[PDB]
Each structure stands twice: as C-alpha cells, then as structure tokens.
Amino acid sequence: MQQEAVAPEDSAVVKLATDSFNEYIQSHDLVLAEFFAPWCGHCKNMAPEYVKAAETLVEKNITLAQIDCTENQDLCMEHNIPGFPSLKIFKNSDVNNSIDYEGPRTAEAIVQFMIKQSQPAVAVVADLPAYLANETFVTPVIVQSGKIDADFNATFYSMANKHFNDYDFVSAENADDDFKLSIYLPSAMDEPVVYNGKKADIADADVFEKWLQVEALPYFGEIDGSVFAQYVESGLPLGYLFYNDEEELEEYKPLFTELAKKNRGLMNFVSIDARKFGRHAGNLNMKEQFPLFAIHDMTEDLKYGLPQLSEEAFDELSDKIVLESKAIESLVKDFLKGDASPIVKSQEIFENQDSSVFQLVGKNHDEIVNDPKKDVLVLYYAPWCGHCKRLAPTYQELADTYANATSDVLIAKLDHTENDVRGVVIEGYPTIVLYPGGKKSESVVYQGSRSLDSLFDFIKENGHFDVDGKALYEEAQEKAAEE
Ligand SMILES: [Ba+2]
C-alpha cells in the first residue's frame, strides 16, 4: 500500500494511548513519543525513518512510541500538542518533563539525538584538558571550575538541563583555584571566553542566560533552522555569507572569523549554504547571486549588502562571483558606524496606464505620499488576496470620483508583496492609510468597512482639504441625468 503514518504494529515502535501512556512513561526512563494524526502527509513521510530508528534503538533500552491524537484527544490536550507530527522526549520516567525534538526526521538524526539524551547533562571531571582534547566538539562547552559555591552550582546544573541540547556543560571543581565560568568555542578551544566576575550576579539564572545568549555562539558557524533562533536570541545584527560550495566557504572563513572576534558583542556572522537556502536572499532583499554578503538588523528590520549585478548582467556572467575582502570590511565598519544605506525592495516604477488609481512602488512611495498639496490614500495589497480584489471596483470608482472633479486627492495602491515601505506595516491586506499633508500627522490608518461611503467620509473627515466625495459623488449622478 501507499505509506501510512502509523508504524507497522509488529515493529519496535510502541503504540500508546490515553489509558496506557502514564504507566508506560513512568516504567521507562527514556521515551521518544510521536503525537500524530493519520491524515497528516508529513506524518506519513517520516514513518519509514521512525521505524528504522526504533529498530536501531531497541539495543539501547530506549523506546519510540506513537500516539494517534485523533483517538487520544485527552492526552493530546494534556501535552499541549500544537500540530503533527510532534516528537517529545520523556526523561526520568516523568510525564511532566518532556522536551521537543525539532531536528531532521531521518533515522540517523533521530538515533544520534536519542543517544545523546541518555548522557549526563554535566560532565564531572578533574582532568579538564584531557576532557577538552579527547572530544571534537560541535557546540560551545560551558565549564565551571575552581572553588564553586553551592548557589552557583545549582544554577549551573539548572542551565545544563535547560540547555542540554545547545551546549555541553562541564564541572572541573578544584577548591585550590579561583572560580571561573568559561565558554570554549569549537574553533578556539585553546582559548576560552571567561565571564567577568560579578560572581554574585552570575548565580542569577537571568544574568547567566543573557551571558550565554551573546557569548556562546560560534564566531563563524553555519546557520539553519536548528540554530537560527539562537542568533535571533543574541539581540544583535546578523551578517550572512551565502556560499555555493564548501571550497568557496573555506576562502571566506579566515576573514569572517576575524571580523566576528573583533565585533563579538556588536554583531554576528554566519555562513549559509546557497544550494540549501538561496531563497533566503530575497528575504534579505538581495538578488540570488552567490556568494553574497548581507547584514540584517533584525531589531530594526533593515537590510544591507554589497552591490550585485543587474539580472541582465548576471545572466550574461561566464565567471565565478567574488566578494572582495576590503568591500566586506568596509561595509561592516560602515554598518556599525551608522553610515551605510539600507536596501529597499522595489518593482520597476510603472510607465503607468489609464487608471485614476496610481500604482506605487517602494522606490517612489515616499515622495508621492509625502507631497503637501495632497490628500493621498494608499491601499497596501497582495494579489494573493481575495479581499483586495473584491475592493478593486470600489477603489476604482473612488479614484474616478476624484479624477473627474479634483486634483486635491491622490488614490494610490502598492503591492507590498513586491515593495518595501517604512513606518506603515499592518500585518494583513487590505491595509489603507491616508496621508493628508507634509505639515499634518499621518496617524490616520483607516478602520471600517471598505464601503465607498466610509472611504469618502474618511477622506472628508481626516483630509486636509475636506474634500466631500459623497456630495461630489451625488453631483456627478445628477449631472449625468443631464441636469
Ligand atoms: Ba566540594
């Protein structure tokens, strides 16, 4: 048959239900539970890999279970299941400590993650250099060492537990040395980042958290879903190097590792695989032309990057693209100074056609919307949007009402899907803002039905020129009656 989400009932996988779950978790110390619905295609896509991991994992006295939520709603509510599939790890035979699996749903990724969960949250050692030399680490290593006080120790363990799948935690206690808290980063293992001893402070878990959010990031690692939130959680701008092959990345690693060490505290730098993630470039409003270097200020949502080819030039490009070191270096220091121009996404300005409705792009938006001789209505839209299309004939008859009788009003539309705009970012579409004047507040976002009269009255009531479009509409109608 075609592949189903439920595992074959004779496999290593264990079927768990409302009345059997608790007894099962609390007699088994490490359990991966899949909360699924049979109608779910991603649940079907992963079943073969789930079974293949469950097999590989019997060996280790670690269970993989399945709960079908369409039959176990009580259970799915109790575990707060948001969607399918949901993979939860129950540890220590306790149905109240679970964590989410968020990694690749492949057999190999699932067995690796589950074996890790059997390992202690803290490595308790005396010989620390042996420990650090023996393992090739892929994540930062958080080490407490020296004379460790009880209060800090509790915080440390609590963090080891909370951050179990983010960092490795080591306790190298030595009552003859001064306390240290250190981070070892994978590229610079012979050179820890040591906390700056407000020691009473660092046993506060918030102080501890904030320190980690910034300091416990590779200087120049690879970004992806598993780790993106960590870069966002630092609170700091993100530099992206898009690369299209590992040999090409290897050319940029030394410069970006230096730039990263230099500006650690100020921004981050990540490598990002163009083959896997080229798409993301438009998200940074860059062209998909790699390698590329861009900076995203996430807090401000401004985007910056190094100039690229026009799409014409690029399509006649017989050469590898190179980013010059100096241009990269230049943009970084400019960005961090405040000198550096964000990139604004825009369609080509329209040659424009016989509509009274002005079609704006991100390029020409401000000039026109700002102009003090106005009252400017802008409809922000997407063509992916029924309601915006619904409105079209109303928006057109509103534009015609004014075009006929006055120049004191501009009625305009911008496709937000294809054009950045600043200061006016309501989530959905349609969104409508009225710009009355360059010595007038904008704070006139429209709420209401998009009815013609609501819109006429809006412009009338909140417009600098008090243009009474209703009256004016009534006029046209009588004059059309040859009157
Ligand atoms: Ba002791």
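Trainee: Give a detailed account of the UniProt feature "active site" in the protein chain, specifying residues and quantitative values.
Mentor: Feature annotation in UniProt places "active site" on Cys-40, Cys-43, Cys-385 and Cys-388, given in this structure's numbering. These annotated residues cover 349 residues of sequence, and their C-alpha atoms sit far apart, with the largest distance between any two at 35.2 Å. Inspection of the secondary structure puts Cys-43 in helix α2 (residues 41-56).

Trainee: How would you explain the nonpolar core if you had to name every residue and give the values?
Mentor: As a rule of thumb, soluble globular proteins bury nonpolar side chains together. Of all hydrophobic cores here, the largest spans 44 residues; its most connected members are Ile-142, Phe-256, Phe-293 and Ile-328. Breaking this core down by element, the ones donating at least two residues are α6 (150-162), β9 (180-185), β10 (188-194), α8 (205-215), β11 (238-243), α10 (246-262), β13 (292-297) and α14 (325-337). The greatest single-element share of this core, amounting to 6 residues, is contributed by α10. Residue contributions to this core reach at least three from each of two domains, namely domain 2 (120-216) and domain 3 (217-343). Residues contacting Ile-142, with those up to four places away along its chain left out, are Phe-156, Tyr-167, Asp-168, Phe-169, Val-170, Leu-181, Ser-182, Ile-183, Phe-208, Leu-212 and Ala-216. Counting residues in each nonpolar core, the second largest holds 24 residues, with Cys-385, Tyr-395, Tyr-446 and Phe-458 among its members.

Trainee: Could you give an account of the pattern of salt bridges, with specific residues and numbers?
Mentor: Scanning the model with the defined rule gives 13 salt bridges in all. Its salt-bridge partner being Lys-470, residue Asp-453 comes within 2.9 Å of it at the nearest N-O pair. You can see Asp-453 sitting in helix α17 (residues 452-462) and its partner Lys-470 sitting in helix α18 (residues 469-480), a full 17 residues away along the chain. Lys-460 is paired through a salt bridge with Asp-457; the nearest N and O atoms lie 4.0 Å apart. Taken as a pair, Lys-460 and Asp-457 lie in helix α17 at a separation of 3 residues, close to a single helical turn. For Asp-457, a relative accessible area of 28% puts it in the partly exposed group.

Trainee: A description of the packing of aromatic side chains should follow, citing residues and the corresponding values.
Mentor: Enumeration over the complete set of coordinates arrives at 22 aromatic pairs. Ring centres 5.5 Å apart and planes at 85° place the aromatic pair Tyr-195 and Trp-211 in the edge-to-face group. Pair noted here: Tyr-195 is in the loop between β10 and α7 (199-202) and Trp-211 is in helix α8, with a separation of 16 residues, a long-range link. A single burial state applies to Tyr-195 and to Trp-211, both of which are buried. A centroid spacing of 5.2 Å and a plane angle of 65° characterise the contact between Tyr-446 and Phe-458, whose relative ring orientation is edge-to-face. Of the two residues, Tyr-446 is situated in the loop between β18 (431-435) and α17 and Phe-458 in helix α17; the sequence distance between them amounts to 12 residues.

Trainee: An account of the environment of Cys-40 is needed here, citing residue identities and associated values.
Mentor: Turning to its location among the elements, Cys-40 is positioned in the loop between β2 (30-36) and α2. We classify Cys-40 as buried; its relative accessible area is 6%. Along the primary structure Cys-40 and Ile-459 are separated by 419 residues, whereas in three dimensions their C-alpha atoms are 49 Å apart.

Trainee: Break down the state of the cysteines for me, with residues and values.
Mentor: Across all of its chains, the model carries 2 disulfides by this definition. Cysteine pairing for the protein chain, with bonded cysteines counted in sequence order: 1-2, 3-4. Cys-385 forms no disulfide, and the closest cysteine sulfur to it belongs to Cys-388, at a distance of 3.2 Å. Here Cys-385 falls in the buried class, since its relative accessible area comes to 14%.

Trainee: Please provide a residue-by-residue account of the domain arrangement of the protein chain, values included.
Mentor: Segmentation of the protein chain into domains returns domain 1 (1-119), domain 2 (120-216), domain 3 (217-343) and domain 4 (344-483). Once you take the C-alpha centre of each, domain 1 and domain 3 turn out to be 38 Å apart.

Trainee: Give a detailed account of the sheet that holds β9, specifying residues and quantitative values.
Mentor: Strand order in the open sheet made by the 5 strands is β6-β8-β7-β9-β10, with mixed pairing throughout. In this open sheet, the two edge strands, each paired with only one partner strand, are β6 (122-124) and β10. Put simply, the sheet's adjacent strands are angled 25° from each other on average, direction ignored. As paired elements, β9 and β10 share 3 bridges and run antiparallel to each other. Note that in β10 the partner of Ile-183 across the bridge is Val-193.

Trainee: Can you explain the packing of α10 against α14? Please cite residues and give values.
Mentor: Viewed as axis vectors pointing N to C, α10 and α14 meet at an angle of 20°, and their least axial separation amounts to 11 Å. Classified by the angle between their axes, α10 and α14 sit roughly parallel to one another. Like other packed secondary-structure pairs, α10 and α14 cross with a definite hand, here right-handed. In contact with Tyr-252, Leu-255, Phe-256 and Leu-259 of α10, α14 contributes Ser-325, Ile-328, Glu-329 and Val-332.

Parameters at a glance
Residues numbered from 1 in each chain as written, not as in the entry; some residues may be left out. Heavy atoms only, no water. UniProt positions renumbered as here; feature names shortened; annotations may be inferred. Helix = DSSP H or I, 4+ residues; strand = E, 2+ residues; numbered from the N terminus. Core = buried A, V, L, I, M, F, W, Y, C linked by side-chain atoms within 4.5 Å. Buried < 20%, exposed > 50% of the residue type's maximum accessible area, 1.4 Å probe, protein only. Domains from an automatic or database assignment. Contact = heavy atoms within 4.5 Å. Salt bridge = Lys/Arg side-chain N within 4 Å of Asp/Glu carboxyl O. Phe/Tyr/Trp six-rings, centres within 6.5 Å; stacked < 30°, edge-to-face > 60°. Disulfide = S-S within 2.5 Å. Pairing = 2+ DSSP bridges. Axes fitted to C-alpha atoms, helices over the stretch in contact; angles between N-to-C directions. Parallel < 35°, antiparallel > 145°, perpendicular 65-115°, else oblique. Left-handed = near helix turned anticlockwise from the far one by under 90°.

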